[PDB]
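To start, the structure itself, in structure tokens.
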Amino acid sequence: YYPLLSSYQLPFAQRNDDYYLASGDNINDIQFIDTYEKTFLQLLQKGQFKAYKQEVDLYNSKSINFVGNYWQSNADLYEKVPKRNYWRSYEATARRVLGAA
Amino acid sequence: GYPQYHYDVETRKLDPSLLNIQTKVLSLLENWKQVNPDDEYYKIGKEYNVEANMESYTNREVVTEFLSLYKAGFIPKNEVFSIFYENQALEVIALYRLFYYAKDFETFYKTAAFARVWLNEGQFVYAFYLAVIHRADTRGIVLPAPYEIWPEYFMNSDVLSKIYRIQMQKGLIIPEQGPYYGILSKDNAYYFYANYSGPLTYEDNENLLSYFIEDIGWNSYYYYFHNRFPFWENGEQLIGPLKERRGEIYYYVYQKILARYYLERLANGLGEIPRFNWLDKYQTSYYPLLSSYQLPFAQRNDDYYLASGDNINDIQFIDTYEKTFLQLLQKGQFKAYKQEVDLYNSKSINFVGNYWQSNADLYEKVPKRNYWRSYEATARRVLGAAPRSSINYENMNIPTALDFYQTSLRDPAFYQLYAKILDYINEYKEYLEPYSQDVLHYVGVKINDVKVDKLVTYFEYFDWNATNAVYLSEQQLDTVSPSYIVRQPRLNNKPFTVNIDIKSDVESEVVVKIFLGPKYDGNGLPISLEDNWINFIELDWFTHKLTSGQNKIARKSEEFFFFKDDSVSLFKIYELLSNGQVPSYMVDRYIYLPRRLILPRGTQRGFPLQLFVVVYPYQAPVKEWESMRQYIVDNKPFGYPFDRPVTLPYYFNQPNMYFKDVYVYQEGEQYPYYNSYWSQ
Amino acid sequence: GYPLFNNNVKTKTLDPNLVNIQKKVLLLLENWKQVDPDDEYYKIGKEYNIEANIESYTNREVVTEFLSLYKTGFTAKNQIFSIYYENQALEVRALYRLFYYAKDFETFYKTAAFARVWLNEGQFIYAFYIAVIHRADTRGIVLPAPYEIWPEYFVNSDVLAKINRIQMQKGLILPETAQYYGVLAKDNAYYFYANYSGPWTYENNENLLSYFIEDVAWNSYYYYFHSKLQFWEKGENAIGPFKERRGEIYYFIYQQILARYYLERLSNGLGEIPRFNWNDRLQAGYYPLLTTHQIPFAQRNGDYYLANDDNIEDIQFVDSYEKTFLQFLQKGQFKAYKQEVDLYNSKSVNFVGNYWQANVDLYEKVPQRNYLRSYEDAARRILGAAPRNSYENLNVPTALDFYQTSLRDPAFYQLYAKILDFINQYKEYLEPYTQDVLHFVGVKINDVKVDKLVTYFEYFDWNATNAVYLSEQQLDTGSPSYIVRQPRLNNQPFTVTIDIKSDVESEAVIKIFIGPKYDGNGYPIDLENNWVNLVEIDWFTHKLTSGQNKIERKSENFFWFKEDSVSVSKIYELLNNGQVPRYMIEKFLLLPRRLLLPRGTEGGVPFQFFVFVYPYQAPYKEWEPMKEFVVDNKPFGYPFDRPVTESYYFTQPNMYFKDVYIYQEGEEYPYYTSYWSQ
Amino acid sequence: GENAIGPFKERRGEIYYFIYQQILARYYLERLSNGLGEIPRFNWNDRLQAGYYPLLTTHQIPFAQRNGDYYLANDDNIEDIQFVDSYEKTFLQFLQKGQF
Amino acid sequence: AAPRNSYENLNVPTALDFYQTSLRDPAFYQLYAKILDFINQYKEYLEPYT
Amino acid sequence: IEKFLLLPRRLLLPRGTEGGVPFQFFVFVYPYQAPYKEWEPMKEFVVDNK
Ligand SMILES: *[C@@H]1O[C@H](CO)[C@@H](O[C@@H]2O[C@H](CO)[C@@H](O[C@@H]3O[C@H](CO[C@H]4O[C@H](CO)[C@@H](O)[C@H](O[C@H]5O[C@H](CO)[C@@H](O)[C@H](O)[C@@H]5O)[C@@H]4O)[C@@H](O)[C@H](O[C@H]4O[C@H](CO)[C@@H](O)[C@H](O)[C@@H]4O[C@H]4O[C@H](CO)[C@@H](O)[C@H](O)[C@@H]4O)[C@@H]3O)[C@H](O)[C@H]2NC(C)=O)[C@H](O)[C@H]1NC(C)=O
Ligand SMILES: *[C@@H]1O[C@H](CO)[C@@H](O[C@@H]2O[C@H](CO)[C@@H](O[C@@H]3O[C@H](CO[C@H]4O[C@H](CO)[C@@H](O)[C@H](O)[C@@H]4O)[C@@H](O)[C@H](O[C@H]4O[C@H](CO)[C@@H](O)[C@H](O)[C@@H]4O[C@H]4O[C@H](CO)[C@@H](O)[C@H](O)[C@@H]4O)[C@@H]3O)[C@H](O)[C@H]2NC(C)=O)[C@H](O)[C@H]1NC(C)=O
Ligand SMILES: *[C@@H]1O[C@H](CO)[C@@H](O[C@@H]2O[C@H](CO)[C@@H](O[C@@H]3O[C@H](CO[C@H]4O[C@H](CO)[C@@H](O)[C@H](O[C@H]5O[C@H](CO)[C@@H](O)[C@H](O)[C@@H]5O)[C@@H]4O)[C@@H](O)[C@H](O[C@H]4O[C@H](CO)[C@@H](O)[C@H](O)[C@@H]4O)[C@@H]3O)[C@H](O)[C@H]2NC(C)=O)[C@H](O)[C@H]1NC(C)=O
Ligand SMILES: *[C@@H]1O[C@H](CO)[C@@H](O[C@@H]2O[C@H](CO)[C@@H](O[C@@H]3O[C@H](CO)[C@@H](O)[C@H](O)[C@@H]3O)[C@H](O)[C@H]2NC(C)=O)[C@H](O)[C@H]1NC(C)=O
Ligand SMILES: [Cu+2]
């Protein structure tokens, strides 16, 4: 992707073809991403569980709500836990990795 | 050409009741690689039987387990020993447990003689050193420095080759030609000039800092840290009153070790510590010129692939471990290993530390497990690059620098691995609430000025005894051993004083802390405190009494709390013992970094740094920490106030805090290799 | 437990005239690692001046060049020497030329004493060995075996460590326990049992054949081949009239080495020799347990990428050097290096060989060049995996840097297999042999019988005293004997009987080859593909009378094999009676007879023998000075010097193929050397 | 050469070599002064290890950006790559011929 | 590293496309170091000064 | 107008450090020989025939 976009005359980042995403500089981020995905799969094996102090049953369609929030890392996902100074978003990390800045 | 090191030794009178133990210990460490039938310990060990004296050991299960393992058979003599070899680890742990639970010093001496006569020399020396460090009745005696007990682990192959040639020839065939090759015959002894490793061993210009990472004091400090806090021992025996802080200690030491290292990288213009991915080729190579029993150390080629099939299992475990920790960070509060953990509390640091060390305290609440694996051990095995056949087969091993605590700091990969671990731990630390103004602001105290004398570094010759590296003849054992002394350049700094001016509205006791840190990063830009809090090194930590009005505090670098003097040689130890005195620092301050390594050198001949001075109220440690007063000055966590992330730097612009910019210069030769005959 | 090897040496009387020279030569090889001021050579070396004796050397340019080089300064003592280091090679070449062009033996002895006194020990020993091999006045003199001159290059680190410990201790402190560590004290000597390298050093099950690739004589053969024909010497001064057959010798020797290695691999069930790509990574791990001056040898992991940042240039050269050759194959007839080359003619082999060795003969027609490059040198540097540095005073030794240790590395075999594949692609040009050349009218081989083929392991003792540094007292009076006792492969005597029918009475030549029958996949190998894997074992002449004929050839009389060398003590003992080991003077460049057959199995390993009878023709006249290495005018490896295209037209009545089995007696593995196994 | 340099037409290659060598020597001196080491070498069939993100524009069109690990041999470059390689190898062949 | 296209009316400028900006790119120095390495390999032929 | 193709004098020395950066100077004196005749139109960029 080679965008011809600029803000304040600063060019937008260009992603070269065959860009390697798992370099050392990004490795930490990569791990988090992977871990996140892994966790969800484990939940699919559990079916019924408790996450972020919320009881979840995947046999019920209502659980969709939780799922959505889980993949957005929004505020509602952490409403039942004490205010956390530590926070990370899957979408933000993925956007940073794919941006190639 | 460099000057010669001359310094006076701080001495304290030795308790007359300990004059017998000391000698005995020093007698059992003489030429430990060989057994002399003419010595008393030989007969004592040959005749001693453990089972018949089972009543002389407090614990009975220790004796039974040792007897069972001994019946199973220990490793043969004349083989490389490492604590990371599982069977050898079990045998040496059993031997150490037998040593530790001996009821009296006489039984301990008999058991040590038995072990030396019958068991592998490496296991014997390791266990004996650990027991002497940890036994109650041996508190107060002095042990030789590690580099004098294992000279082969603190020198390169060329100097060892020269020493072996001299020993085989029993002198110089043509003495006049000795000086041209760095061998000096003087005063009944032979001095060998030693260099540091060059570009053949290190790539990417890292050899510039070899003098620092191959320094004997650095590796000896790491070995002392291992001996004082072994991972396989329970915390209660190691630290009784402050066991719950074990993990904190694990975080404090490594955080320091890396930070200083990073500082040196900035001094030589090498930048930040690289990060790596397990599932990708490793880019840092290493070609050590080290050998044990003539067996070469493993060499890691550049672009070595770590995720081959043979190692795949290990890799998976490593990955899984890391993954698990991240999941914990998402849970915040949980139960692991039958321990309730809340990450919002600073105390949880303990658990975190243990989790990343895989020590005994991590599994104290679960039934004894026959299945056990260590993240650090697996990572060391993967990064060592030794052939897999060495790992699989038990009666053969190719040594690696990461298999010994005396040589781990020589390998660059160690720093990267522990930097990754500390990155995980700091990600955990991000949970903690930052210190507020109320806790940081000392109402009524203002620091007016901080002055520092010129900071100068230079290389000087240092001599250490390496006689234990060679095998002696019968006549030498009978009459007297030869003296082979290694003379090598070493970094040092001239004395300097820190003067602090304080204006106080009231009279009170205060605690003053002095830290050192870098100013610019590898890219040449200033480092904000939000990222520099981890890079500060704690220099001094002491109490004082402030009177109303103006006060001046002069603190000499020779009095800093976190640094010690250089260890003395064996001959000087005997000389002082004959006069009933011992070196105090080697007695009770050996767990601290040498004072000669406080300041970096700098390749540009001038390096900028910053000093941080903080004054806060004094509060006495709780009474139960009574037998640890010499090492604790107050009740604050180690590294305070830089123990948790800094979010808003303007909270540290307090009256009772001061940042100062300083410069370190170099005097004399910039490089340490100018030690030839024609340059001297 | 294995039997101990004892065998009397077949000796021959030595000419009295050379006796003194022999003495002197040996005196110059004693404790060459050290300089003894009390020895005779010391004063001569310290007082000799080459320039003042410039008239004593036949050539003046050599003296001028040597003096000019010496003015700049040679390498320091106690340093690692390798012929593949450019500056050291340049110095040692001048030293060897000075040795070679000495007028008489006295001047050569003076120069050798000077070199030992002043110059590096490794350069001195190398040059002196080569000169003694080549000097005419020293012809007929016995030299010690290479493994006794460089023991550290022929034994692993553990045995050397034990020897060094004994030397430092000047004996045993607790003798009654040394037996349990493979150290025996007996008859004023110390014997050290030694094992071969295991899987820790070799991966992919290669260690199973460590007894062969690490054999002392196996590497000594390659060192002898290098010494007799060195790449940096002109053909005239090294071989004489066989100057146009240099490439043929190169190809033949390397092909035979690779064929024997392949036979051993088949006997150990390891398959064919792997091929590799330069732009890809090598798949042969090697962790040598070897040291020189305590400096470890370079180690290579299992998956090593050959093309890194610091090698690109070399890589490029290698690639180009290959592609050019392919281009030649397309041109056929061309002009290269001021030499006209026609690939349709068999003689062109010479050029090809030189092209793949980059020897001086390749550049004899172009003006003296200051730009020097070698394909083999660059390939060895790339495959050694040693750290790359631009400093000339710092090197990490590798097995490929020395001809004494080259055969220990599989990469050597892979590289030379690639080279021989290119050479066989070239050989495809040649016209195949026809029936008229092969058929021996009036001669038919009726039968061939062979006795039982047996292999075993036996203890062999060799002196390793030169590896240690002696004390003044030991130098003045006498040093102890440190002897290495290790298992070695050997075979029992066998005889080949050939029954032939020929009504015509004539002279004939008989050749015997040994080769494989099944490949790694378990299928039979057709002759059209097996012609490159046949090893020549015998080559002789015989007169056939009318009627029936029965020829009995004993394994002790085969042309291409010798007997084992002996230690220096026996050499002195025989010299005191005016005798020398005949096989150390005669046929000292050939493989030992103990390595003739691959190690067998209890059940038996299958191989085959090829017997060929053809007409005799005497070697040419100008070939007279070399009529001890040849038997006729046919090319080496005849008739398998060129590809076989149709096996039907190759087979003739005067050829015979027989299938045989090799058995093993005693222990199958060589590591049963513990105190409890004896 | 006639219309650009005149009588120094047979010394054009000398000027080229001298100017480029001086430029690279000055660059190496600056690197040493900044403690960056020697100039890295690269392989065409391997990837370049020099990232560059210029903040330059002409007619508001951004300049091309290159990441840290850029693979030089992709689908759309093969031809060019081949030429480069050949152009090098031919030169090496000349070095073997000497006079040609 | 500019995108490759067969159209003559569309180009993405690079520092190496102009002599005014060539020296800003390290790749320039690396490439000409390679070229000068080849030229020095050639120079090895010449006889050294006496 | 004069010497407008040469490097500026401000770039003669590499940037130094507070402590000081080490370099070296090489001074060479040799015999003089005038540039050739046909080289006359360019006798503002050369000093001899070397
Ligand atoms: C830790 O590492 C450091 C860093 O490497 C080591 O320091 C090195 O040590 C070696 C050996 O000790 C030094 O080499 C020696 O240097 C001597 C000084 O020479 C200077 O003056 C002479 C003129 O008198 C110059 O020629 C030298 O350099 C110039 O010339 C050389 C010629 O090659 C050029 O290459 C240079 O670029 C310069 O143009 C120096 O300015 C030197 O005298 C000595 O030379 C003797 O030995 C060599 C051995 O190869 C011979 O070639 C030479 O002809 C001389 O002959 C002597 O040889 C033996 C003794 O070895 C005897 O037969 C006689 O005594 C005979 O005189 C040698 O080259 C090196 O300079 C030095 N590097 C430094 C300081 O940077 C430390 O040693 C090392 N420490 C340990 C313990 O390992
Ligand atoms: C080349 O390579 C080969 C293969 O690697 C190697 O062979 C091996 O040698 C070692 C010795 O170095 C052998 O190990 C010894 O084996 C004997 C025999 O064991 C067999 O028989 C016993 C019953 O008698 C069985 O229980 C056993 O399972 C075997 O079947 C043992 O007797 C030895 O034990 C002693 O030494 C051990 C330490 O090595 C002790 O743990 C053990 O308790 C014994 O101690 C003895 O010595 C002590 C010290 O003096 C003393 O205090 C004790 O009282 C006791 O006397 C030992 O395990 C191994 O089996 C061999 N393997 C093979 C396949 O042959 C060669 O040695 C090697 N050669 C060279 C030159 O390197
Ligand atoms: C480098 O490192 C090497 C090795 O560590 C150093 O060499 C060591 O030096 C020290 C100091 O010189 C030695 O210790 C001293 O040894 C002497 C000599 O002891 C021998 O001779 C005695 C008779 O003269 C003899 O009695 C001794 O045997 C007794 O002791 C042994 C146990 O050691 C016992 O088994 C016997 O049954 C005997 O009982 C022995 O054969 C000794 O006289 C000294 O003792 C004095 O000091 C002690 C301690 O204060 C005191 O208790 C005594 O009463 C006496 O006053 C002392 O032990 C050491 O032995 C050397 N090591 C070796 C292996 O030789 C070398 O000096 C270093 N060089 C440097 C640093 O430059
Ligand atoms: C192993 O090798 C060593 C060294 O090569 C042998 O020692 C050498 O032995 C020979 C023969 O005994 C010595 O030569 C003789 O010396 C005596 C004087 O002692 C002299 O009178 C004789 O005429 C002859 O020259 C030689 O000096 C000696 N070398 C050393 C360094 O001592 C050893 O014998 C060998 N052992 C075996 C078992 O082969
Ligand atoms: Cu690298």
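Every chain is numbered from 1, with letters handed out A, B, ... down the list of sequences. Atom set for the values below is all heavy atoms of this structure, side chains included, hydrogens, waters and symmetry mates excluded.
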For this session: Starting at CZ of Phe276(C), measure out to CG of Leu306(C) and round the result to the nearest 0.5 Å.
Result: 6.5 Å
For this session: Mind ranking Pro387(B), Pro288(B), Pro76(B) by heavy-atom pairs under 4.5 Å with chain C and telling me who comes out on top?
Result: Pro387(B)
Seminar exercise, completed: Under 4.5 Å to a heavy atom of chain B? For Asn389(C) that would be side chain
Exercise. If you measure only the distance, is there a donor-acceptor pair under 3.5 Å linking the side chains of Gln294(B) and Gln294(C)?
Worked result: yes
Exercise. What class does the angle between the rings of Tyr671(C) and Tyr669(C) fall in, given that below 30° is parallel, 30 to 60° is tilted and above 60° is perpendicular?
Worked result: parallel
Exercise. Do you see a donor-acceptor pair shorter than 3.5 Å between the side chains of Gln169(B) and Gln34(C)?
Worked result: yes
Problem set entry | Residue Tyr469(C) versus chain B: region with a heavy atom under 4.5 Å | both
Problem set entry | Which of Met396(B), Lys170(B), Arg300(B) touches chain C most, by non-hydrogen pairs under 4.5 Å | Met396(B)
Problem set entry | Region of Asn156(B) that comes under 4.5 Å of a non-hydrogen atom in chain C | neither
Exercise. Is chain C contacted by the side chain of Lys162(B), its backbone, both, or neither, given a heavy-atom distance below 4.5 Å?
Worked result: neither
For this session: From the options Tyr85(C), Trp150(C), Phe154(C), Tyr153(C), select the one residue that forms a ring-ring contact (aromatic ring centres under 6.0 Å, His included) with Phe402(C).
Result: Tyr153(C)
Exercise. Do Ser210(B) and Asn207(B) have side-chain atoms, one donor and one acceptor, less than 3.5 Å apart?
Worked result: no
Exercise. Salt bridge or not for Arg388(C) and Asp314(C), using N-O below 4.0 Å?
Worked result: yes
Problem set entry | Contact origin within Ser389(B) toward chain C - heavy atom pairs under 4.5 Å | side chain
For this session: Check each atom of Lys162(C) against the heavy atoms of chain B and say whether the ones under 4.5 Å are side chain, backbone, both or neither.
Result: neither
Problem set entry | Contacting moiety of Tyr393(B), where chain C heavy atoms sit under 4.5 Å | side chain
Exercise. Which one of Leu289(B), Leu472(B), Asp303(B) has the most heavy-atom pairs closer than 4.5 Å to chain C?
Worked result: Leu472(B)
Problem set entry | Contact leader toward chain B among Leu475(C), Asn308(C), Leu394(C), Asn156(C), where contacts are heavy-atom pairs under 4.5 Å | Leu394(C)
For this session: Establish, from distance only, whether the side-chain atoms of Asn311(B) and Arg388(B) form a donor-acceptor pair under 3.5 Å.
Result: yes
Problem set entry | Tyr282(B)-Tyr304(B) aromatic ring centre distance below 6.0 Å | no
Exercise. Contact part of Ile173(B) toward chain C, heavy-atom cut-off under 4.5 Å: side chain, backbone, both or neither?
Worked result: both
Problem set entry | Contact class of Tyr293(B) relative to chain C, heavy atoms under 4.5 angstrom | backbone
For this session: Pick whichever of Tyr180(C), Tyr305(C), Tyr181(C) has the most heavy-atom pairs under 4.5 Å with chain B.
Result: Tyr181(C)
For this session: Could you look at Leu200(B) and say if it's the side chain, the backbone, both or neither that has a heavy atom under 4.5 Å from chain C?
Result: both
Problem set entry | Partner chain B: residue of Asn78(C), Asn395(C), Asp36(C) with the largest heavy-atom pair count (under 4.5 Å) | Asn78(C)
Exercise. Do we see a donor-acceptor contact under 3.5 Å between the side chains of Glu30(B) and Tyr41(B)?
Worked result: no
